[PDB]
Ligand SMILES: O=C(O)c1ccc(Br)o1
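Listed next as structure tokens is one chain, alone, in the form solved without this ligand.
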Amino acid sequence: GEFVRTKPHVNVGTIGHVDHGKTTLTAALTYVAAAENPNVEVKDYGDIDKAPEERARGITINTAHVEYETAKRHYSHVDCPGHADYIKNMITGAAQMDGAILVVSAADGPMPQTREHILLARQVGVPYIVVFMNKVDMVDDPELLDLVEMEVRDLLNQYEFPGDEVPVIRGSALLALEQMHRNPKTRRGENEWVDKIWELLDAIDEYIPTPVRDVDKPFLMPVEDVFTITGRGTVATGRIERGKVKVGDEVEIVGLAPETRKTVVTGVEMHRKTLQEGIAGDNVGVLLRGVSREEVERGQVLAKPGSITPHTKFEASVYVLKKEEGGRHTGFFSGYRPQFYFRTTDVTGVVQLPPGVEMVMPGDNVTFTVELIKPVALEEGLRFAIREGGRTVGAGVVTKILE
């Protein structure tokens, strides 16, 4: 039908190491929420890991968006892959979150992508994290649980999250989900595992604030994905960063192309429900006229026409990860050519070091110039990640736009 706004909207999602239980939790959240609010459509595991290649490889590959709501708020929830080969997808997902749920297996404790996901979430501006310690059904020893909680809290502190403060909820995504299948009307207070999910929803409700959002500034929506809807046309999805978009607005597709192009918005939807108007914070699909899915792509931004100029050259302040943080073992020189990640954008760039700076080492805080091989929507103060050869090598912030 149409999307009726009854309450504030917040974007959350799931991050964490491969197999720790992100997707099972996502499904469990929809089922638990749905028993109290009949507007929530339940999403089973297979409804989320739905792609043939996900079934083939047995992992999440694509970020999925699901919807649920509490009495307090409306949630769009982005479930991200944990597999180390799908970090780019995770980054694009995190780039949409006003808060993240970090899933950590109680049986394994924090693992390399537990660290990498916390790191990267920060670099795309995730303001808050809640921890769901999953698979406690597998762990009898209360000591290991306390140990895992401790390790996770410390790891959050390392990347400037308030680790000693974040909620750490302990439960079983799977056992809650099973209970909801046996009784879809299972209410709060009736089942131990389901109540742990309510504990999570409460923490989300109360710990992740509703962001301050500017609907008056020019429309800007980073594109997270693009697909063709049979009968309708090309849809670009994403979280509106600022401003508003109505059907009939001409917008500009900015970045990743030599030149910017204009198109008319012909539909706006949030979770397959038609919006009058999309506003900042909304996670929407925008139907674009006259463009195919080969003419719009993830990493471009939709913008008010003329409100944004894409850039290629910038100065940056960069931290280069130690190998103990999963970074490089050796240093690099000017001409180093990794991948840079800004919000949903990923693009190859060239490191150009100052005259006199010959080599940058793991663990260095440093400043240099970057030249991207394609123009990209950039702003001063925009954080970014650096990756190369399938690992994260650095964290940076844009300090000066040169060109």
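From 1 onward, residues are counted along the sequence shown.
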Entry-level comparison of average CA B-factors, 289 to 297 and 268 to 276, reporting the higher stretch: 268 to 276
Per the entry, higher mean C-alpha B factor between 89 to 97 and 239 to 247: 239 to 247
Largest Cα B-factor, entry values, listed residues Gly281, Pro222, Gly163, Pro258: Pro258
Top Cα B factor in the deposited entry, candidates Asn62, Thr70, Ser334, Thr344: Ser334
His77, C-alpha B-factor rank within chain (lowest, middle or highest third): lowest
Record-listed C-alpha B factor of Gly381: chain third: highest
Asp137 - Cα temperature factor, lowest/middle/highest third of chain: highest
Modelled-residue ranking by C-alpha temperature factor, third containing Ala35: highest
Chain thirds of CA B-factor: placement of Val124: middle
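One more form of this protein should be noted, the form solved in complex with this ligand, which is absent from this view; the next part is about it.
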In the entry with it bound, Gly331 touching this ligand (heavy atom, 4.5 Å): no
Interface membership of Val268, this ligand in the entry with it bound, 4.5 Å heavy atom rule: yes
Interface membership of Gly285, this ligand in the entry with it bound, 4.5 Å heavy atom rule: yes
Contact of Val291 with this ligand in the entry with it bound (heavy atom, 4.5 Å): no
Partner-facing stretch of 181 to 189, 231 to 239, 206 to 214, 146 to 154, counted where any non-hydrogen atom is within 4.5 angstroms of this ligand in the entry with it bound: 231 to 239
